[PDB]
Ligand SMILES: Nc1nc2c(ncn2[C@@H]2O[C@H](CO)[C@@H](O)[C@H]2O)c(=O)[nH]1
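One chain comes next, on its own, written out as structure tokens in the form solved without the named molecule.
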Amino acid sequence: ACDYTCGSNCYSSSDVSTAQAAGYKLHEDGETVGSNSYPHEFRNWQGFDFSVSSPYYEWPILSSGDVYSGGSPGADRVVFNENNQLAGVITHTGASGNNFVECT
């Protein structure tokens, strides 16, 4: 069980796909939701080793299973590129400061 584990949140590949589709849709229409304007470009400061090509975009994936629509983001995120490919799943949980750690 769990294709991705961010902290204690367990996500299946289906949860990730759904979250990605919603994030990508907004990106291609040029729209954003939430105070931090999601989805927004992800600069990958930490140099995560994503295999897919940049640019990258940060989009919240909620543990409640709902698609993000502007409320509180939480700590988990799906990163995808303009080719609509999954770059990876990361979280703020377990990281210090304003950094991320990859979900296992």
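Residue indices: 1-based, along the sequence shown.
Not on display, but discussed next: the form solved in complex with the named molecule.
- Transferring the named molecule from its position in the deposited bound form by superimposing the surrounding C-alpha atoms leaves no ligand atom within 2.4 angstroms of any backbone or C-beta atom of the displayed chain; the site is open.
- Taking the partner from elsewhere, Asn98 is found to have a heavy atom lying within 4.5 Å of the named molecule in the deposited bound form.
- Among residues of the shown chain, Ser72 is one whose heavy atoms approach the named molecule to within 4.5 Å in the deposited bound form.
- Contact between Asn84 and the named molecule in the deposited bound form is not found at the 4.5 Å heavy atom cutoff.
- The shortest heavy atom separation between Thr93 and the named molecule in the deposited bound form is within 4.5 Å.
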